[PDB]
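Taken together, the values in this text are just the output of simple stated rules run on the coordinates, not laboratory data. All Cβ positions, even for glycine, are placed from backbone atoms using ideal geometry, and neighbour counts span all protein chains on display.
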Amino acid sequence: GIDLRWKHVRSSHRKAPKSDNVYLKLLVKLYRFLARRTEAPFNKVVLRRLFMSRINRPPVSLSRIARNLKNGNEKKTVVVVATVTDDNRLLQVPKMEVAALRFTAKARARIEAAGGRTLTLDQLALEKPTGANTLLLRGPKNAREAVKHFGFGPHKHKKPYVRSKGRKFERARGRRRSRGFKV
Amino acid sequence: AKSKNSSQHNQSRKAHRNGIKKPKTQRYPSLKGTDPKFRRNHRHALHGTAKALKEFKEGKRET
Amino acid sequence: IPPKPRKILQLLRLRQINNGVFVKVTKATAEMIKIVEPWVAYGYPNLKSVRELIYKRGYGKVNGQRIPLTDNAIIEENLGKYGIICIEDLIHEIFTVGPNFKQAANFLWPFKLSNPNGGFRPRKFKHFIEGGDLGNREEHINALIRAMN
Amino acid sequence: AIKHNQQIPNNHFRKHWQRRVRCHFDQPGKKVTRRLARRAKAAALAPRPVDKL
Amino acid sequence: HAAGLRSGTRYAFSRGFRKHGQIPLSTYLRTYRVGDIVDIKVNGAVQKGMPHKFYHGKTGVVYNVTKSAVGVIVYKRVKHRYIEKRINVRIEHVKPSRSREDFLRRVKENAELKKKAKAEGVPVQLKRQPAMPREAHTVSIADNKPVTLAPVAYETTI
Amino acid sequence: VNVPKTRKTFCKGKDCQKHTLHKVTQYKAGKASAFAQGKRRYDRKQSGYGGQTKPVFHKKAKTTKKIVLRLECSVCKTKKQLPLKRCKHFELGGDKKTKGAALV
RNA sequence: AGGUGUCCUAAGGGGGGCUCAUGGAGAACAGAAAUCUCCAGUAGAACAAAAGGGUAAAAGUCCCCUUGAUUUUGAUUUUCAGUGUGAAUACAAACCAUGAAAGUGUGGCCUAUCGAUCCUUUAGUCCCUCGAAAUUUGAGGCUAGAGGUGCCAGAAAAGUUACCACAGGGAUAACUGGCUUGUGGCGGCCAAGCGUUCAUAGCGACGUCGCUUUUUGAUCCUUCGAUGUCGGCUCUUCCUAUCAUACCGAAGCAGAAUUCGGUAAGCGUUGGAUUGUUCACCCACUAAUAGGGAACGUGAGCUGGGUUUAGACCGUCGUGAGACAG
RNA sequence: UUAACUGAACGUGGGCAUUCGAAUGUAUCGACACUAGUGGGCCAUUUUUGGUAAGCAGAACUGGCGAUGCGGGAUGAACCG
RNA sequence: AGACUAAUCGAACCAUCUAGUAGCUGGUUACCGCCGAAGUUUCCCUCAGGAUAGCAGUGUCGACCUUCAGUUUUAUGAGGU
RNA sequence: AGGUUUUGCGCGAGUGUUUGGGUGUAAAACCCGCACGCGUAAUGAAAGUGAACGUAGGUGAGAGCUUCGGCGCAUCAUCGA
Ligand SMILES: [Zn+2]
């Protein structure tokens, strides 16, 4: 015997996409090549994010990218491995140069009307094969309706599963102190 | 009929199985419980000093 | 085995029967061994014994892999920045405890030996002083390394 | 018998509901019948429209 | 079988022998600031603001200062996890601790040894190290000659 | 247990907001009217055939009750209520106990 | 080994003066003990109550004044899921008590002295609603207490079945078997004494060491989709802790009749009156009428007298159905 | 808050690494989501309660059987390896 | 006599409600590979049962953060066997 | 039938044709739109009211980028609006 605490312990992160999109498989082949034969950590980080699932790739919006386009970043390349959507509140769109996985119909139209360019990830590897003069962005990960129910309990201020909202539902006892106690 | 009453035979092993996790210490502990009088003053003190830093730009010699 | 001596053995890197390692005796380790006294046998090596242990059973830890030391290039690529470039430097630093003993001895994988040749003794789970085989024998562990390895 | 955090169920299946289950397996068939009736009605009212102001 | 707030505290909360009556007044003149390392030790003669029997002997960090009491943080061990408890104790039960005093003393000398050595030109050897085995030396038998011993026979003493 | 007939304490009135003299009285339960929603709902449930429809308490264990004092302000006629502990014999306005003159 | 379902307008709060239980020595009636005086007196007294902790210019004791036992909501501690109830700790914003002042006070010096949803009832603002629009009655709402669950995290509740039923349990009794041997039976060790004198011919107090599983207890390991549960009749075999038979050793063994011990289980150990009896007690013969085991040997070997289904009678108990190792 | 720029908390600026201030190991760092079975236990060294005692009843730290084969104790779940 | 009422009676026989309910017995169908337990805390007219925490599997995400440790040393506290 | 978490897909501040109509090689396939459901705004019992002082804030960490000075996504802690 050998007296170990762990043995045959698998990994913890994905090692290949679980989707079967033919075009997505091509991206993975290309970036496998790039990350193997380069030294820029930009390539390795892009590779891993190509495997993630739809709840690990939240959408970003023109306002969020517009936020990071200040204080001397008006000429860098934004890269977002996710969808990119429009914001009905941003009244005037700046001049950008974006490289994303897929745009929405209105998002693409508004960017090219201000006078920018929309790319894809293959074109990005063809223009900047090392990520020079780029900045990577993510979306808000904890902005799902299903995350407000995690870890429910007393003194936690979380959201309960109720079939309707109003007076008669889970108000009488344990919330107000006038009927028994409070949480 | 009669049965056993209580025991603590396997509890230490169960607990040490995957560690006794001591919570992680931070840099700015919360002020939940500090005396309300001190709390009132501390709020005002931060408000005043924060304005001085911004003033130190348009104005001068706020060090 | 009780939980306290179990943890100490894990820290000494002795997780299998007939494993061996080098340790430098101080007040913080001489007593630690005393806790696991009914499980180990230890003594004072000499020049011959360390010499054959490194040649015949020397293996190294490289990226967490057991690589047998067959060429001097292996040592230089991993212990060169401490001034060790050959088998004699390793042997010299292990034998005459030097300023880099710590890294030198953590490089080597724990040695796996075979059962001794002439047996052990009638009963081998008592103490050497009474007439057993485990505990602190002073200079008689060299004869045991010869047969065991 | 609740066991975890779920939404409190309320399913009004406690009478003999299986005796009154309606299935619409004749959705296309009825449509055809309605169209036949309209054409017959249109042919009876030869020069007039079908509806009323 | 009962479990009250002071169950089984017959000998813990008691005062000593020939230590009764007046409390030495030097206790009330100490000062505390947040972040100090204090340790709890309850006095039986004062019944106001006293802690439960579990914290009698523990050590914690001050986090609040009030008119006649301080707030201390300590770590309790429930099965398989630790919890941080916040208790209010009167200053008559507390005392400044010498746990970190050695560390503060050592850091001061370390700074000044390093400063002095940098000006002179010799390495430092500042960090401590455990007790190494002894070294060789010689022992003379001049005017000290050995005495021979032997086991002693058996005899009854009573 | 005896308490004085008057005492001065806080008065939460909209214009007193300070200590004032109060008259002391005991609290007696209401007459239990027959038009409360509970009574009307009960009377309908009990009609017709079927019998007794709600529980009736049987297992009594308490020997006493808690006493609650009713206070009345001397200025604005505001009122206050204060509960006491449990007691067997209670009376208000008794004569103060004498000291050291005991004789039988 | 014990304790709680209470008690307190002071037995709470503040301030001030004093020191206790008890011992020594004195003083008309006065004494063992009444009242007065001096000295000593580390708590040996007192603090509502059970026990523990704590207290001496006091937390005791006497004197003076009061009602912090008040209003508004939050944070923290022990039991703990870090839920509820009980209890407790440190502050904040008000209004007060006391003291010259610093200060102290959010019930009892600390550890126990208590209670959810629904319903009823009282206090508070001058508040919201009665949905076609107004005004007064009435009702419904918001915040804080009280009416109670002692099986005390909280259903509304009398018996019998011997006429009985169902799902299960060897997690659970009545019989054998297994571990233990207190009680039951049997045997030793020391020797104060009995035995006319003489401890040990024959016995043995006060103490102490063992053996057996034919008595009765303690436990519930095996069987409840079942191991036929008292006794007697017939038959075989085994044990020795020996009643008689063979041969012997001791005596307070003259003979006869006897008592103690050894080798020895080869061979025997009865006929009847009463009781269902096992157990027992009488009559008579004989060398003697010893003690026990085998699933408390033995029901596809017998019998069915007793216990222990259903019928029925009496006595005591129960209002009654019914109960009784009568 | 203090008689008081006297303090307390939070700060701007600067200085101190040449060596970040005991040993050993790091064959396993942190956080989150959804859910199965279990909720009759038994044995042993040491400590130990009721009982005359028990293959009896009840506890503490640890190690086992249950959930586990192999060599030894002739045989045997718990003993030794 | 709780006796008889079609071999059925301390409440006949026939069809339907009806596949009546069961915290209780019995069964539950091919192979290989990897990981691998509990009989314990609190509450329940709870004690042959449930909820709750614990032990376990799978899916991941943040860094590869360099932090950690059923251990030892040095300094300094508490205890009433 | 109704919930919940996770995996793949389409569109995306919107999304969902099929109750229905037009048409048809006819229970298939293809087209059409007014309403409606969920989401975009909460909180109180209710009458009611209803989300920017700052480049959508300050501090400590943070992958990555960088003209080497710095800018700092997601997320964690904390003080504010
Ligand atoms: Zn008033």
Shielding score for E:77-83, defined as the mean number of other chain Cβ atoms within 10 Å: 5
Extend 7 Å from the Cα of C:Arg66 along its Cα-to-C-beta direction; within the stretch C:1-39, residues with backbone N under 16 Å of that point are C:13-22
Report, in whole Å, the centroid distance computed from the Cα atoms of the stretch A:18-53 and the stretch E:102-153. 61
A student applying the Cα gyration tensor rule (rounded when a/c is under 1.5; otherwise prolate if a/b is larger than b/c, oblate if not) would label chain B prolate
With the Cα gyration tensor of the stretch E:1-157 in hand, give its eigenvalues times 5 under a square root as the equivalent ellipsoid semi-axes, listed largest first in whole angstrom. 46, 33, 18
What is the magnitude of the charge dipole of the protein assembly as shown about its Cα centre, with +1 placed on the Cβ of each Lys and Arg, -1 on the Cβ of each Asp and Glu, and no other charges, expressed in debye to the nearest 20? 7900
Filter B:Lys37/F:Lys12; F:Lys28/F:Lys65; B:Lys14/E:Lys85; B:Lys24/E:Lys85; C:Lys24/C:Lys124 down to the pairs with a C-alpha to C-alpha distance above 22 Å, please. B:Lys37/F:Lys12; B:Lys14/E:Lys85; C:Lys24/C:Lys124
Average beta carbon contacts from partner chains per residue of C:22-32, 10 Å cutoff: 2
Taking the convex hull of Cα positions in chain A, its mean projected area over all directions (nm²): 19.8
What's the local net charge at C:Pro5, with K and R +1, D and E -1, over the other residues with C-beta under 15 Å away? +3
May I ask which residue of A:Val183, E:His52, A:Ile55 lies farthest towards the positive end of the charge dipole of the protein assembly as shown, with charges of +1 (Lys, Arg) and -1 (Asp, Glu) on Cβ and the Cα centre as origin? A:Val183
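How big is the shadow of the Cα convex hull of the stretch A:78-183, averaged over all directions, in nm²?
In nm², the orientation-averaged hull projection of the stretch A:78-183 is 11.2.
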Taking trypsin sites (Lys or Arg not before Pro) in a DSSP loop with at most 15 other Cβ atoms within 10 angstrom as exposed, one finds the longest site-free stretch of chain B at B:33-59
Let me know the Rg and Dmax you get for the stretch E:1-93 when you use only its Cα atoms, in Å. 14.4, 44
Estimated FRET transfer efficiency (E:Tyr28, A:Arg14; beta-carbon r; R0 60 Å; 0.05): 0.40
Virtual paramagnetic centre 7 Å along Cα→Cβ of C:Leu11, amide N under 19 Å, in the stretch B:10-27: B:16-17, B:19-22
Overall dimensions of chain C by Cα: Rg and Dmax, Å: 16.1, 49
In whole angstrom, note down how far apart the Cα centers of the stretch C:17-94 and the stretch F:44-104 are. 87
Suppose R0 equals 60 Å; then what is the FRET efficiency for F:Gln52 and D:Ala44 from their Cβ-Cβ distance, rounded to the nearest 0.05? 0.25
So, in nm, how far is label A:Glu145 from label A:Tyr23 when the simple model puts each one 7 Å beyond its Cα toward the Cβ? 2.9
Quick query: amide H of E:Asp36 versus all other amide H atoms, modeled in the peptide plane; which residues come in under 5 Å with a sequence gap of 5 or more or a different chain? E:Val62
In whole angstrom, note down how far apart the Cα centers of the stretch B:1-52 and the stretch D:12-42 are. 65
For chain F, would you read off the P(r) tail past 17 Å as a percentage of all alpha carbon pairs? 72
Phi to ³J(HN,Hα) by Karplus 6.51 cos²θ - 1.76 cosθ + 1.60 over the stretch A:97-114, Hz, x for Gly, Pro: 8, 10, 9, 10, 6, 7, 9, 8, 4, 6, 4, 4, 4, 5, 5, 6, 7, 5
In a shell of Cβ-Cβ distance under 11 Å around B:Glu55, excluding B:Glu55 itself, what net charge do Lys and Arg (+1) and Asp and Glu (-1) give? +3
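Calculate, in whole percent, how much of the Cα-Cα pair population of the protein assembly as shown lies beyond 38 Å. Intermediate results must be reported in sequence, preceding the final value.
Details: 191104 of 251695 pairs.
For the protein assembly as shown, the fraction of Cα-Cα distances above 38 Å is 76 percent.
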Listed residue pairs exceeding 32 Å between alpha carbons, taken from B:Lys2/B:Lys22; B:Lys2/F:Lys85; C:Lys7/E:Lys76; A:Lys75/A:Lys141; A:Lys165/D:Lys15; F:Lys5/F:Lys62: B:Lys2/B:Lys22; B:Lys2/F:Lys85
Just check chain D against the gyration tensor rule for me: Cα atoms, a ≥ b ≥ c as the square roots of the eigenvalues, rounded for a/c under 1.5, and otherwise prolate or oblate depending on whether a/b exceeds b/c. prolate
